[PDB]
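Heavy-atom basis, side chains included; hydrogens, waters and symmetry copies ignored. For reference, positions follow the sequence shown, starting with 1. We count ligands from 1, going down the list as the structure has it; atoms in each ligand are counted the same way.
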Amino acid sequence: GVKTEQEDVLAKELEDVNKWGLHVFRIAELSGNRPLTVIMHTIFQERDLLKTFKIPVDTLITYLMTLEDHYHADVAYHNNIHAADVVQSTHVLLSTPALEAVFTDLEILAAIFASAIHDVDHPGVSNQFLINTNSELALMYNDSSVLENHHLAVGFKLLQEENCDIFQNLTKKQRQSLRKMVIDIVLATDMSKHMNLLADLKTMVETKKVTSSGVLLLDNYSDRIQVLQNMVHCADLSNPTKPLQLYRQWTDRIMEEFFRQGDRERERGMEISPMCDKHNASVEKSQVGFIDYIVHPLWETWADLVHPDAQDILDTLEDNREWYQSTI
Ligand SMILES: COc1ccc(-c2cc(C)cc3c2O[C@H](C2CCOCC2)C=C3O)cc1OC
Ligand SMILES: [Zn+2]
Ligand SMILES: [Zn+2]
């Protein structure tokens with residue numbers, strides 16, 4: 001009835017679960033390639049989600065393992081480790097002082113659950129690849145947010161496997177609201193939606209209202225969901241805000257995933273996608289443009305929303321940007 005030493009070492013790493021820069025890859029190793037399961041379990045227990053939503057523990061574990069099993073181990077970036085990272089990052093962002101007492105338990109559950117499932121069954125190629133190959137997935141979703149629609153459908157469908165229905169004790173009301181929020185959040189992870197999301201986030205920053213003491217004020221679904229969508233989108237694009245040792249591991253993986261798509265594209269005379277050509281790439285330059293044009297504007301805007309809780313995150317982002325730029 002006592003942990004093995006490896007379990008104890010895993011446990012000690014998991015004590016960083018509330019902090020930016022968790023050793024997520026070490027957790028993946030220590031857990032036997034169960035970072036999503038262990039980190040979700042730890043988070044649910046930390047936030048008392050099992051008791052609040054009456055989720056039987058074995059059902060939660062069975063669903064998590066099942067969810068995790070449907071991420072592809074042969075996918076360098078969009079895998080269970082990325083899922084785990086986004087979950088934990090969303091978890092940290094939920095706990096930002098500027099958002100204290102803003103969100104309900106159901107909204108908290110929605111953001112975390114959405115994070116966990118948001119990339120499930122990712123084949124490691126882009127929507128455009130799937131569209132251009134006339135893939136069954138593309139035809140299923142009429143070429144529109146193909147992967148993101150698929151991630152949702154899988155994440156929900158898996159609740160129907162043996163002893164996986166973690167929402168079995170929620171009321172119809174709770175389930176309908178949870179489901180709508182989850183769907184809105186994951187569809188907002190489609191990068192084609194980025195400019196619009198960010199514009200709306202800015203608009204809210206300009207017209208934001210604080211509150212008794214201090215803390216954002218969100219008094220309609222549109223505003224609450226938009227913040228959750230951006231929060232998870234921020235989590236999704238959080239790699240460059242992490243300590244360089246982490247960021248670089250992510251960059252290696254996404255680049256490996258991209259070049260592999262480029263290889264499959266070249267193999268069949270398809271035009272090679274941006275950043276996917278292993279022969280004509282500039283990893284450093286791509287990362288800088290990525291930060292300058294996407295990541296930094298997002299996080300700058302987010303940091304304004306929760307001023308000044310995200311200052312350290314922004315500073316890390318700029319340091320990493322300078323580092324990459326420093327390297328041609
Ligand atoms: C217009 O949509 C996009 C805008 C920027 C990017 C983009 C551009 C650069 C230079 C680098 C990156 C990038 O997105 C990828 C990630 C791929 C999975 O979704 C989140 C972003 C990782 C980069 O390091 C990708 C987009 O589509 C996935
Ligand atoms: Zn995705
Ligand atoms: Zn993702």
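- Screening residues 160-176 for side chain to side chain donor-acceptor pair (under 3.5 Å) gives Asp58-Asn163, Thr59-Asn163, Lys157-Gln160 as the qualifying pairs, with residues at least two apart or on separate chains.
- In the vicinity of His78, heavy-atom distances shorter than 4.0 Å reach the ligand 1 atoms 18 (C).
- Aromatic ring orientation, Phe167 versus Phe113: perpendicular (interplanar angle above 60°, classes split at 30° and 60°).
- Proximity to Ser286 (heavy-atom distance under 4.0 Å) selects the following atoms of ligand 1: 10 (C).
- For atom 15 (C) of ligand 1, the nearest non-hydrogen atom of the protein is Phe258 CZ, 3.8 Å.
- Within 4.0 Å of atom 25 (C) of ligand 1, not a single protein heavy atom is present.
- Considering just the N/O/S atoms of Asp119, the one nearest the Zn ion (ligand 3) carries the name OD2.
- For atom 27 (O) of ligand 1, the closest heavy atom belonging to the protein is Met191 CB, 3.6 Å.
- Just one residue in the list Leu147, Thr189, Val182 forms a side chain to side chain contact (heavy atoms under 4.5 Å, CB included) with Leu152, and that residue is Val182.
- In this comparison of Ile291, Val295, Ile294, the heavy atom closest to atom 5 (C) of ligand 1 sits on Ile294.
- Residue contacts with ligand 1, taken as heavy atom pairs separated by less than 4.0 Å, involve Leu237 solely via side-chain atoms from C-beta onward.
- We find the CE-CG distance between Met65 and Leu36 to be 11.0 Å, quoted to the nearest 0.5 Å.
- The protein heavy atom nearest to atom 23 (C) of ligand 1 is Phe290 CE2, 3.6 Å.
- Centroid-to-centroid, the aromatic rings of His122 and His72 stay 6.0 Å apart or farther.
- Shown here, atom 20 (C) of ligand 1 is in close reach of the protein: a heavy atom of it lies under 4.0 Å off.
- Around atom NZ of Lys180, no more than 12 heavy atoms belonging to other residues, nucleotides or ligands sit under 6.0 Å away.
- In this structure, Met275 has a heavy atom closer than 4.0 Å to ligand 1.
- Using modelled atom types and a 3.5 Å distance limit, the side chains of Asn80 and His70 yield no donor-acceptor pair.
- Among heteroatoms of the N, O or S kind in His82, NE2 lies nearest the Zn ion (ligand 3).
- The Zn ion (ligand 3) has no N, O or S atom of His78 under 2.8 Å away, backbone or side chain.
- Of the N or O atoms in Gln287, one or more lie within a sub-3.5 Å distance of an N or O in ligand 1.
- For the pair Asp263 and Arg266, the salt-bridge criterion is met [side-chain N within less than 4.0 Å of a carboxylate O].
- Looking at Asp236 and the Zn ion (ligand 3) together, the shortest N, O or S contact belongs to OD1.
- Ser31 is listed as a side-chain neighbour of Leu10, based on a closest heavy-atom distance under 4.5 Å.
- Under the side-chain hydrogen bond (donor to acceptor under 3.5 Å, both in side chains) test applied with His233, the options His194, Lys193, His118 reduce to a single match, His194.
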